[PDB]
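Below: upload_6.pdb (PDB, N, CA and C atoms)
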```pdb
ATOM      1  N   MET A   1      38.338  11.781 -44.543
ATOM      2  CA  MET A   1      38.644  11.411 -45.946
ATOM      3  C   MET A   1      37.484  10.598 -46.533
ATOM      4  N   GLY A   2      37.117  10.904 -47.794
ATOM      5  CA  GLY A   2      35.986  10.256 -48.467
ATOM      6  C   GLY A   2      36.208   8.763 -48.682
ATOM      7  N   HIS A   3      37.309   8.440 -49.376
ATOM      8  CA  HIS A   3      37.716   7.051 -49.645
ATOM      9  C   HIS A   3      38.350   6.420 -48.391
ATOM     10  N   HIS A   4      38.163   5.099 -48.238
ATOM     11  CA  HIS A   4      38.636   4.335 -47.066
ATOM     12  C   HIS A   4      39.943   3.597 -47.386
ATOM     13  N   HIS A   5      40.684   3.236 -46.326
ATOM     14  CA  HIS A   5      41.936   2.454 -46.427
ATOM     15  C   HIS A   5      41.586   0.949 -46.525
ATOM     16  N   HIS A   6      40.952   0.597 -47.659
ATOM     17  CA  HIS A   6      40.342  -0.725 -47.911
ATOM     18  C   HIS A   6      41.392  -1.789 -48.286
ATOM     19  N   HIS A   7      42.571  -1.320 -48.752
ATOM     20  CA  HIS A   7      43.699  -2.182 -49.177
ATOM     21  C   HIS A   7      44.112  -3.178 -48.073
ATOM     22  N   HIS A   8      43.914  -2.773 -46.811
ATOM     23  CA  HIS A   8      44.081  -3.643 -45.646
ATOM     24  C   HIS A   8      43.233  -3.090 -44.490
ATOM     25  N   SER A   9      41.904  -3.270 -44.587
ATOM     26  CA  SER A   9      40.968  -2.930 -43.494
ATOM     27  C   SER A   9      40.845  -4.100 -42.503
ATOM     28  N   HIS A  10      41.038  -5.331 -43.026
ATOM     29  CA  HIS A  10      40.811  -6.599 -42.288
ATOM     30  C   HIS A  10      39.321  -6.686 -41.843
ATOM     31  N   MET A  11      38.445  -6.113 -42.689
ATOM     32  CA  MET A  11      36.987  -6.032 -42.435
ATOM     33  C   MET A  11      36.234  -7.116 -43.248
ATOM     34  N   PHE A  12      37.008  -8.036 -43.841
ATOM     35  CA  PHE A  12      36.497  -9.115 -44.694
ATOM     36  C   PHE A  12      36.055 -10.281 -43.813
ATOM     37  N   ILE A  13      34.822 -10.738 -44.029
ATOM     38  CA  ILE A  13      34.154 -11.703 -43.159
ATOM     39  C   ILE A  13      34.392 -13.128 -43.685
ATOM     40  N   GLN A  14      34.841 -14.021 -42.796
ATOM     41  CA  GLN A  14      34.978 -15.451 -43.083
ATOM     42  C   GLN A  14      33.785 -16.186 -42.455
ATOM     43  N   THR A  15      33.254 -17.174 -43.164
ATOM     44  CA  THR A  15      32.116 -17.967 -42.694
ATOM     45  C   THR A  15      32.627 -19.303 -42.142
ATOM     46  N   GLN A  16      32.183 -19.648 -40.926
ATOM     47  CA  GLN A  16      32.545 -20.897 -40.236
ATOM     48  C   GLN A  16      31.255 -21.665 -39.921
ATOM     49  N   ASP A  17      31.214 -22.943 -40.330
ATOM     50  CA  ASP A  17      30.013 -23.787 -40.240
ATOM     51  C   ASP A  17      29.819 -24.297 -38.796
ATOM     52  N   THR A  18      28.556 -24.543 -38.422
ATOM     53  CA  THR A  18      28.133 -24.776 -37.023
ATOM     54  C   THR A  18      27.402 -26.140 -36.914
ATOM     55  N   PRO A  19      27.115 -26.662 -35.672
ATOM     56  CA  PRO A  19      26.233 -27.854 -35.495
ATOM     57  C   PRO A  19      24.717 -27.539 -35.667
ATOM     58  N   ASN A  20      24.379 -26.545 -36.509
ATOM     59  CA  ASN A  20      22.989 -26.156 -36.794
ATOM     60  C   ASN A  20      22.858 -25.876 -38.310
ATOM     61  N   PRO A  21      22.005 -26.642 -39.072
ATOM     62  CA  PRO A  21      21.811 -26.412 -40.532
ATOM     63  C   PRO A  21      21.147 -25.049 -40.835
ATOM     64  N   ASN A  22      20.370 -24.533 -39.869
ATOM     65  CA  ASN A  22      19.646 -23.258 -40.019
ATOM     66  C   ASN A  22      20.490 -22.044 -39.604
ATOM     67  N   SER A  23      21.641 -22.253 -38.949
ATOM     68  CA  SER A  23      22.467 -21.133 -38.437
ATOM     69  C   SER A  23      23.895 -21.193 -39.001
ATOM     70  N   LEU A  24      24.468 -20.014 -39.323
ATOM     71  CA  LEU A  24      25.859 -19.874 -39.816
ATOM     72  C   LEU A  24      26.567 -18.768 -39.012
ATOM     73  N   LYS A  25      27.865 -18.963 -38.739
ATOM     74  CA  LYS A  25      28.675 -18.054 -37.911
ATOM     75  C   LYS A  25      29.579 -17.191 -38.826
ATOM     76  N   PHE A  26      29.539 -15.861 -38.631
ATOM     77  CA  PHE A  26      30.243 -14.869 -39.481
ATOM     78  C   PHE A  26      31.313 -14.125 -38.657
ATOM     79  N   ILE A  27      32.601 -14.458 -38.860
ATOM     80  CA  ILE A  27      33.724 -13.813 -38.145
ATOM     81  C   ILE A  27      34.230 -12.634 -39.021
ATOM     82  N   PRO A  28      33.955 -11.346 -38.633
ATOM     83  CA  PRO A  28      34.337 -10.153 -39.452
ATOM     84  C   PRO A  28      35.849  -9.820 -39.432
ATOM     85  N   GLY A  29      36.587 -10.433 -38.489
ATOM     86  CA  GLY A  29      38.021 -10.167 -38.312
ATOM     87  C   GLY A  29      38.284  -9.134 -37.221
ATOM     88  N   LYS A  30      37.206  -8.476 -36.751
ATOM     89  CA  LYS A  30      37.258  -7.430 -35.717
ATOM     90  C   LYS A  30      36.226  -7.760 -34.616
ATOM     91  N   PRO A  31      36.620  -7.736 -33.299
ATOM     92  CA  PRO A  31      35.712  -8.085 -32.177
ATOM     93  C   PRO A  31      34.481  -7.156 -32.086
ATOM     94  N   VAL A  32      33.332  -7.638 -32.616
ATOM     95  CA  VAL A  32      32.050  -6.904 -32.554
ATOM     96  C   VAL A  32      31.600  -6.722 -31.086
ATOM     97  N   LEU A  33      31.667  -7.806 -30.291
ATOM     98  CA  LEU A  33      31.418  -7.766 -28.841
ATOM     99  C   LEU A  33      32.462  -8.617 -28.111
ATOM    100  N   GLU A  34      33.626  -8.016 -27.856
ATOM    101  CA  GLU A  34      34.658  -8.595 -26.974
ATOM    102  C   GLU A  34      34.207  -8.415 -25.511
ATOM    103  N   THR A  35      33.633  -7.229 -25.237
ATOM    104  CA  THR A  35      33.166  -6.815 -23.902
ATOM    105  C   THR A  35      32.048  -7.737 -23.344
ATOM    106  N   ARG A  36      31.140  -8.209 -24.228
ATOM    107  CA  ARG A  36      29.966  -9.024 -23.823
ATOM    108  C   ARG A  36      29.444  -9.881 -25.000
ATOM    109  N   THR A  37      28.237 -10.445 -24.829
ATOM    110  CA  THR A  37      27.449 -11.094 -25.901
ATOM    111  C   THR A  37      26.005 -10.566 -25.820
ATOM    112  N   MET A  38      25.308 -10.443 -26.970
ATOM    113  CA  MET A  38      23.921  -9.915 -27.021
ATOM    114  C   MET A  38      23.093 -10.689 -28.054
ATOM    115  N   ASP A  39      21.933 -11.182 -27.605
ATOM    116  CA  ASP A  39      20.999 -11.975 -28.419
ATOM    117  C   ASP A  39      19.885 -11.086 -28.983
ATOM    118  N   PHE A  40      19.478 -11.385 -30.221
ATOM    119  CA  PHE A  40      18.333 -10.737 -30.893
ATOM    120  C   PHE A  40      17.440 -11.842 -31.496
ATOM    121  N   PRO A  41      16.560 -12.489 -30.662
ATOM    122  CA  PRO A  41      15.678 -13.588 -31.131
ATOM    123  C   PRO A  41      14.570 -13.071 -32.066
ATOM    124  N   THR A  42      14.102 -11.855 -31.767
ATOM    125  CA  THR A  42      12.963 -11.217 -32.431
ATOM    126  C   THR A  42      13.429  -9.943 -33.182
ATOM    127  N   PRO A  43      12.716  -9.534 -34.295
ATOM    128  CA  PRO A  43      13.006  -8.271 -35.029
ATOM    129  C   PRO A  43      12.866  -7.012 -34.148
ATOM    130  N   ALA A  44      12.048  -7.114 -33.083
ATOM    131  CA  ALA A  44      11.833  -6.024 -32.118
ATOM    132  C   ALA A  44      13.068  -5.831 -31.223
ATOM    133  N   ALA A  45      13.617  -6.959 -30.700
ATOM    134  CA  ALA A  45      14.794  -6.963 -29.784
ATOM    135  C   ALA A  45      16.048  -6.364 -30.438
ATOM    136  N   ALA A  46      16.043  -6.340 -31.783
ATOM    137  CA  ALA A  46      17.135  -5.818 -32.607
ATOM    138  C   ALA A  46      17.432  -4.323 -32.379
ATOM    139  N   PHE A  47      16.522  -3.582 -31.685
ATOM    140  CA  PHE A  47      16.680  -2.118 -31.436
ATOM    141  C   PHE A  47      17.995  -1.786 -30.710
ATOM    142  N   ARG A  48      18.506  -2.768 -29.956
ATOM    143  CA  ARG A  48      19.715  -2.625 -29.125
ATOM    144  C   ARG A  48      21.023  -2.605 -29.940
ATOM    145  N   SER A  49      20.901  -2.720 -31.270
ATOM    146  CA  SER A  49      22.021  -2.630 -32.199
ATOM    147  C   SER A  49      21.516  -2.123 -33.562
ATOM    148  N   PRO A  50      22.164  -1.074 -34.160
ATOM    149  CA  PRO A  50      21.833  -0.619 -35.528
ATOM    150  C   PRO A  50      22.154  -1.710 -36.565
ATOM    151  N   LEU A  51      23.229  -2.489 -36.293
ATOM    152  CA  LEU A  51      23.674  -3.577 -37.173
ATOM    153  C   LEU A  51      22.640  -4.704 -37.192
ATOM    154  N   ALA A  52      22.112  -5.055 -36.000
ATOM    155  CA  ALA A  52      21.111  -6.131 -35.858
ATOM    156  C   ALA A  52      19.838  -5.786 -36.647
ATOM    157  N   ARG A  53      19.416  -4.507 -36.541
ATOM    158  CA  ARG A  53      18.266  -3.957 -37.290
ATOM    159  C   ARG A  53      18.470  -4.073 -38.815
ATOM    160  N   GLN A  54      19.700  -3.770 -39.267
ATOM    161  CA  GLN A  54      20.070  -3.825 -40.694
ATOM    162  C   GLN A  54      20.179  -5.283 -41.191
ATOM    163  N   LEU A  55      20.538  -6.207 -40.280
ATOM    164  CA  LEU A  55      20.620  -7.648 -40.586
ATOM    165  C   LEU A  55      19.211  -8.271 -40.698
ATOM    166  N   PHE A  56      18.248  -7.797 -39.879
ATOM    167  CA  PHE A  56      16.826  -8.241 -39.967
ATOM    168  C   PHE A  56      16.127  -7.700 -41.239
ATOM    169  N   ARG A  57      16.774  -6.744 -41.931
ATOM    170  CA  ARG A  57      16.312  -6.236 -43.247
ATOM    171  C   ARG A  57      16.640  -7.216 -44.396
ATOM    172  N   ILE A  58      17.542  -8.173 -44.138
ATOM    173  CA  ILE A  58      18.042  -9.120 -45.153
ATOM    174  C   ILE A  58      17.058 -10.300 -45.297
ATOM    175  N   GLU A  59      16.741 -10.653 -46.563
ATOM    176  CA  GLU A  59      15.798 -11.732 -46.908
ATOM    177  C   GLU A  59      16.260 -13.100 -46.352
ATOM    178  N   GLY A  60      15.644 -13.524 -45.239
ATOM    179  CA  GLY A  60      15.890 -14.852 -44.676
ATOM    180  C   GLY A  60      16.334 -14.849 -43.225
ATOM    181  N   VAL A  61      16.602 -13.670 -42.640
ATOM    182  CA  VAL A  61      17.118 -13.576 -41.259
ATOM    183  C   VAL A  61      15.987 -13.745 -40.218
ATOM    184  N   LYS A  62      16.023 -14.891 -39.527
ATOM    185  CA  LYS A  62      15.098 -15.231 -38.430
ATOM    186  C   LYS A  62      15.531 -14.544 -37.134
ATOM    187  N   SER A  63      16.833 -14.623 -36.849
ATOM    188  CA  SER A  63      17.419 -14.091 -35.614
ATOM    189  C   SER A  63      18.905 -13.783 -35.831
ATOM    190  N   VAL A  64      19.433 -12.853 -35.023
ATOM    191  CA  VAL A  64      20.856 -12.469 -35.023
ATOM    192  C   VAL A  64      21.416 -12.623 -33.602
ATOM    193  N   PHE A  65      22.653 -13.115 -33.492
ATOM    194  CA  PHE A  65      23.391 -13.187 -32.220
ATOM    195  C   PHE A  65      24.783 -12.575 -32.428
ATOM    196  N   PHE A  66      25.230 -11.744 -31.474
ATOM    197  CA  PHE A  66      26.583 -11.163 -31.483
ATOM    198  C   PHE A  66      27.425 -11.782 -30.362
ATOM    199  N   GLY A  67      28.681 -12.062 -30.710
ATOM    200  CA  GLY A  67      29.662 -12.692 -29.834
ATOM    201  C   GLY A  67      31.068 -12.152 -30.101
ATOM    202  N   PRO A  68      32.118 -12.620 -29.360
ATOM    203  CA  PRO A  68      33.508 -12.122 -29.528
ATOM    204  C   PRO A  68      34.058 -12.417 -30.941
ATOM    205  N   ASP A  69      34.044 -11.374 -31.800
ATOM    206  CA  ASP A  69      34.498 -11.442 -33.205
ATOM    207  C   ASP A  69      33.714 -12.530 -33.965
ATOM    208  N   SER A  70      32.385 -12.496 -33.792
ATOM    209  CA  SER A  70      31.482 -13.479 -34.394
ATOM    210  C   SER A  70      30.040 -12.960 -34.394
ATOM    211  N   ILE A  71      29.345 -13.183 -35.516
ATOM    212  CA  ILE A  71      27.923 -12.864 -35.684
ATOM    213  C   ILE A  71      27.216 -14.139 -36.167
ATOM    214  N   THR A  72      26.462 -14.798 -35.286
ATOM    215  CA  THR A  72      25.802 -16.064 -35.598
ATOM    216  C   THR A  72      24.341 -15.756 -35.982
ATOM    217  N   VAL A  73      23.992 -15.955 -37.261
ATOM    218  CA  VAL A  73      22.666 -15.612 -37.816
ATOM    219  C   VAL A  73      21.912 -16.919 -38.110
ATOM    220  N   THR A  74      20.594 -16.930 -37.877
ATOM    221  CA  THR A  74      19.719 -18.075 -38.173
ATOM    222  C   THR A  74      18.751 -17.693 -39.311
ATOM    223  N   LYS A  75      18.399 -18.681 -40.160
ATOM    224  CA  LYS A  75      17.474 -18.499 -41.294
ATOM    225  C   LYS A  75      16.037 -18.856 -40.854
ATOM    226  N   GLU A  76      15.038 -18.259 -41.535
ATOM    227  CA  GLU A  76      13.600 -18.422 -41.192
ATOM    228  C   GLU A  76      13.132 -19.877 -41.353
ATOM    229  N   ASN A  77      13.599 -20.503 -42.435
ATOM    230  CA  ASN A  77      13.239 -21.882 -42.819
ATOM    231  C   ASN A  77      14.381 -22.505 -43.629
ATOM    232  N   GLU A  78      14.374 -23.844 -43.706
ATOM    233  CA  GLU A  78      15.461 -24.640 -44.314
ATOM    234  C   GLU A  78      15.502 -24.514 -45.847
ATOM    235  N   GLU A  79      14.423 -23.960 -46.439
ATOM    236  CA  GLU A  79      14.312 -23.767 -47.903
ATOM    237  C   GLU A  79      15.252 -22.641 -48.371
ATOM    238  N   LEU A  80      15.699 -21.816 -47.409
ATOM    239  CA  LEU A  80      16.600 -20.688 -47.647
ATOM    240  C   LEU A  80      18.047 -21.158 -47.634
ATOM    241  N   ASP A  81      18.749 -20.895 -48.721
ATOM    242  CA  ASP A  81      20.204 -21.115 -48.806
ATOM    243  C   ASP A  81      20.908 -19.821 -48.377
ATOM    244  N   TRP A  82      22.075 -19.942 -47.725
ATOM    245  CA  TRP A  82      22.814 -18.779 -47.192
ATOM    246  C   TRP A  82      23.351 -17.861 -48.302
ATOM    247  N   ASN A  83      23.548 -18.402 -49.525
ATOM    248  CA  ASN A  83      24.055 -17.627 -50.693
ATOM    249  C   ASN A  83      23.083 -16.506 -51.110
ATOM    250  N   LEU A  84      21.803 -16.642 -50.716
ATOM    251  CA  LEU A  84      20.781 -15.605 -50.936
ATOM    252  C   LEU A  84      21.119 -14.371 -50.068
ATOM    253  N   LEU A  85      21.527 -14.647 -48.820
ATOM    254  CA  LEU A  85      21.771 -13.627 -47.787
ATOM    255  C   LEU A  85      23.203 -13.048 -47.854
ATOM    256  N   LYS A  86      24.213 -13.944 -48.058
ATOM    257  CA  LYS A  86      25.669 -13.634 -47.917
ATOM    258  C   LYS A  86      26.117 -12.291 -48.569
ATOM    259  N   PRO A  87      25.808 -11.986 -49.898
ATOM    260  CA  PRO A  87      26.201 -10.690 -50.526
ATOM    261  C   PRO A  87      25.681  -9.464 -49.749
ATOM    262  N   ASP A  88      24.432  -9.561 -49.247
ATOM    263  CA  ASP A  88      23.797  -8.474 -48.486
ATOM    264  C   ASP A  88      24.431  -8.386 -47.077
ATOM    265  N   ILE A  89      24.770  -9.557 -46.486
ATOM    266  CA  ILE A  89      25.393  -9.644 -45.144
ATOM    267  C   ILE A  89      26.782  -8.975 -45.141
ATOM    268  N   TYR A  90      27.624  -9.330 -46.133
ATOM    269  CA  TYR A  90      28.969  -8.742 -46.286
ATOM    270  C   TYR A  90      28.865  -7.223 -46.494
ATOM    271  N   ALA A  91      28.005  -6.824 -47.450
ATOM    272  CA  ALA A  91      27.789  -5.410 -47.824
ATOM    273  C   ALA A  91      27.363  -4.550 -46.614
ATOM    274  N   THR A  92      26.346  -5.043 -45.880
ATOM    275  CA  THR A  92      25.718  -4.344 -44.738
ATOM    276  C   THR A  92      26.678  -4.177 -43.533
ATOM    277  N   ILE A  93      27.406  -5.254 -43.175
ATOM    278  CA  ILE A  93      28.342  -5.234 -42.027
ATOM    279  C   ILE A  93      29.579  -4.362 -42.343
ATOM    280  N   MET A  94      30.114  -4.473 -43.579
ATOM    281  CA  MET A  94      31.240  -3.616 -44.030
ATOM    282  C   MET A  94      30.806  -2.135 -44.103
ATOM    283  N   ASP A  95      29.534  -1.901 -44.503
ATOM    284  CA  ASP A  95      28.913  -0.552 -44.537
ATOM    285  C   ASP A  95      28.737   0.018 -43.119
ATOM    286  N   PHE A  96      28.423  -0.871 -42.163
ATOM    287  CA  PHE A  96      28.229  -0.516 -40.741
ATOM    288  C   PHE A  96      29.528   0.033 -40.130
ATOM    289  N   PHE A  97      30.631  -0.685 -40.386
ATOM    290  CA  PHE A  97      31.976  -0.289 -39.925
ATOM    291  C   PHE A  97      32.536   0.878 -40.765
ATOM    292  N   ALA A  98      32.054   1.014 -42.015
ATOM    293  CA  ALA A  98      32.381   2.161 -42.893
ATOM    294  C   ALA A  98      31.658   3.431 -42.423
ATOM    295  N   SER A  99      30.477   3.251 -41.812
ATOM    296  CA  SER A  99      29.723   4.344 -41.170
ATOM    297  C   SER A  99      30.333   4.642 -39.794
ATOM    298  N   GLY A 100      30.919   3.590 -39.192
ATOM    299  CA  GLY A 100      31.513   3.668 -37.865
ATOM    300  C   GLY A 100      30.477   3.828 -36.762
ATOM    301  N   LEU A 101      29.295   3.218 -36.969
ATOM    302  CA  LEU A 101      28.186   3.252 -35.993
ATOM    303  C   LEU A 101      28.547   2.394 -34.750
ATOM    304  N   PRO A 102      28.061   2.771 -33.521
ATOM    305  CA  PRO A 102      28.213   1.931 -32.310
ATOM    306  C   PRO A 102      27.516   0.570 -32.491
ATOM    307  N   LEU A 103      28.239  -0.522 -32.185
ATOM    308  CA  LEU A 103      27.718  -1.898 -32.281
ATOM    309  C   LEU A 103      26.455  -2.042 -31.406
ATOM    310  N   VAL A 104      26.502  -1.461 -30.200
ATOM    311  CA  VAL A 104      25.367  -1.442 -29.256
ATOM    312  C   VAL A 104      24.948   0.011 -28.961
ATOM    313  N   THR A 105      23.628   0.272 -28.991
ATOM    314  CA  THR A 105      23.050   1.578 -28.638
ATOM    315  C   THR A 105      22.646   1.592 -27.146
ATOM    316  N   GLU A 106      21.923   0.542 -26.705
ATOM    317  CA  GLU A 106      21.677   0.274 -25.264
ATOM    318  C   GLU A 106      21.541  -1.235 -25.037
ATOM    319  N   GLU A 107      21.712  -1.670 -23.780
ATOM    320  CA  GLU A 107      21.557  -3.085 -23.391
ATOM    321  C   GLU A 107      20.090  -3.382 -22.981
TER     322      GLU A 107
END
```

Take the structure in this file and express it as structure tokens.
Amino acid sequence: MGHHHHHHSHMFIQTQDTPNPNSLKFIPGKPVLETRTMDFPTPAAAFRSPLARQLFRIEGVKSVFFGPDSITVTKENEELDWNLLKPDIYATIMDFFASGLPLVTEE
């Protein structure tokens, strides 16, 4: 079907603040990595996830981390406010699950 069951996808991301001013935690409502956790410190390491690659496309993303129903992203520098990234972050992750791409391609 072309159109999605968006009325209750539970694909809406809540932001939870952390003990790091440069990093913010994004809970999508669905376990991205219940099975494990995977770090992406560098834009190169991001190859192990299509989502991580798409997150490094967003203006301000220094690094991405995946965890149990959580995506913890860090900014390049403190001059960057998260409101610059947030619209693109929501759009890209909801688009990822709308595409239904595998969270991990290889470890």

Applied to the shown file, which residues does the PyMOL selection byres ((chain A and resi 62) around 7) return, written as a ChimeraX atom specification? /A:40-43,56,60-61,63-64,73-77

Put those residues in a file: N, CA and C atoms, as a PDB file, keeping the file's coordinate frame.
```
ATOM      1  N   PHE A  40      19.478 -11.385 -30.221  1.00  0.00           N
ATOM      2  CA  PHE A  40      18.333 -10.737 -30.893  1.00  0.00           C
ATOM      3  C   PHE A  40      17.440 -11.842 -31.496  1.00  0.00           C
ATOM      4  N   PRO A  41      16.560 -12.489 -30.662  1.00  0.00           N
ATOM      5  CA  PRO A  41      15.678 -13.588 -31.131  1.00  0.00           C
ATOM      6  C   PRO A  41      14.570 -13.071 -32.066  1.00  0.00           C
ATOM      7  N   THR A  42      14.102 -11.855 -31.767  1.00  0.00           N
ATOM      8  CA  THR A  42      12.963 -11.217 -32.431  1.00  0.00           C
ATOM      9  C   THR A  42      13.429  -9.943 -33.182  1.00  0.00           C
ATOM     10  N   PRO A  43      12.716  -9.534 -34.295  1.00  0.00           N
ATOM     11  CA  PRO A  43      13.006  -8.271 -35.029  1.00  0.00           C
ATOM     12  C   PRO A  43      12.866  -7.012 -34.148  1.00  0.00           C
ATOM     13  N   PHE A  56      18.248  -7.797 -39.879  1.00  0.00           N
ATOM     14  CA  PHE A  56      16.826  -8.241 -39.967  1.00  0.00           C
ATOM     15  C   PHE A  56      16.127  -7.700 -41.239  1.00  0.00           C
ATOM     16  N   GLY A  60      15.644 -13.524 -45.239  1.00  0.00           N
ATOM     17  CA  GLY A  60      15.890 -14.852 -44.676  1.00  0.00           C
ATOM     18  C   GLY A  60      16.334 -14.849 -43.225  1.00  0.00           C
ATOM     19  N   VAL A  61      16.602 -13.670 -42.640  1.00  0.00           N
ATOM     20  CA  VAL A  61      17.118 -13.576 -41.259  1.00  0.00           C
ATOM     21  C   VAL A  61      15.987 -13.745 -40.218  1.00  0.00           C
ATOM     22  N   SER A  63      16.833 -14.623 -36.849  1.00  0.00           N
ATOM     23  CA  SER A  63      17.419 -14.091 -35.614  1.00  0.00           C
ATOM     24  C   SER A  63      18.905 -13.783 -35.831  1.00  0.00           C
ATOM     25  N   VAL A  64      19.433 -12.853 -35.023  1.00  0.00           N
ATOM     26  CA  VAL A  64      20.856 -12.469 -35.023  1.00  0.00           C
ATOM     27  C   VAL A  64      21.416 -12.623 -33.602  1.00  0.00           C
ATOM     28  N   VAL A  73      23.992 -15.955 -37.261  1.00  0.00           N
ATOM     29  CA  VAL A  73      22.666 -15.612 -37.816  1.00  0.00           C
ATOM     30  C   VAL A  73      21.912 -16.919 -38.110  1.00  0.00           C
ATOM     31  N   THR A  74      20.594 -16.930 -37.877  1.00  0.00           N
ATOM     32  CA  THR A  74      19.719 -18.075 -38.173  1.00  0.00           C
ATOM     33  C   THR A  74      18.751 -17.693 -39.311  1.00  0.00           C
ATOM     34  N   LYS A  75      18.399 -18.681 -40.160  1.00  0.00           N
ATOM     35  CA  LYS A  75      17.474 -18.499 -41.294  1.00  0.00           C
ATOM     36  C   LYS A  75      16.037 -18.856 -40.854  1.00  0.00           C
ATOM     37  N   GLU A  76      15.038 -18.259 -41.535  1.00  0.00           N
ATOM     38  CA  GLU A  76      13.600 -18.422 -41.192  1.00  0.00           C
ATOM     39  C   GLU A  76      13.132 -19.877 -41.353  1.00  0.00           C
ATOM     40  N   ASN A  77      13.599 -20.503 -42.435  1.00  0.00           N
ATOM     41  CA  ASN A  77      13.239 -21.882 -42.819  1.00  0.00           C
ATOM     42  C   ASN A  77      14.381 -22.505 -43.629  1.00  0.00           C
TER      43      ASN A  77
END
```

Residues near residue 107 of chain A, anyone? I mean within 10 Å using only C-alpha atoms, not counting same-chain ones fewer than 6 positions away, as JSON, numbers by chain. {"A": [38, 47, 48, 49]}

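Coordinates place atom C of residue 29 of chain A at a distance of 21.9 Å from atom C of residue 46 of chain A.
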
Please identify the helix (DSSP H, G or I) residues within segment 46-87 of chain A (assignment by DSSP from backbone atoms) and present them as a VMD selection string. chain A and resid 46 to 48 50 to 55 82 to 87

May I have the residues at most 7 Å from (35.8, -12.9, -33.6) in the file's coordinates, counting only C-alpha atoms, as a PyMOL selection string? chain A and resi 27-31+68-70

Please indicate the distance in Å from atom CA of residue 94 of chain A to atom CA of residue 23 of chain A, rounded to one decimal place.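 The value is 20.4 Å.
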
Counting only C-alpha atoms, which residue out of A:52, A:85, A:91, A:44 sits closest to residue 12 of chain A?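 Selected residue with least distance to residue 12 of chain A: A:91.
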
Which value, in Å to one decimal, gives the distance between atom CA of residue 37 of chain A and atom CA of residue 25 of chain A? 13.9 Å

Give the centre and edge lengths of an axis-aligned box, in Å to one decimal, that holds all listed atoms of segment 81-86 of chain A with 6 Å on each side, as lines of an AutoDock Vina configuration file.
```
center_x = 22.4
center_y = -16.7
center_z = -49.2
size_x = 19.4
size_y = 20.8
size_z = 15.9
```
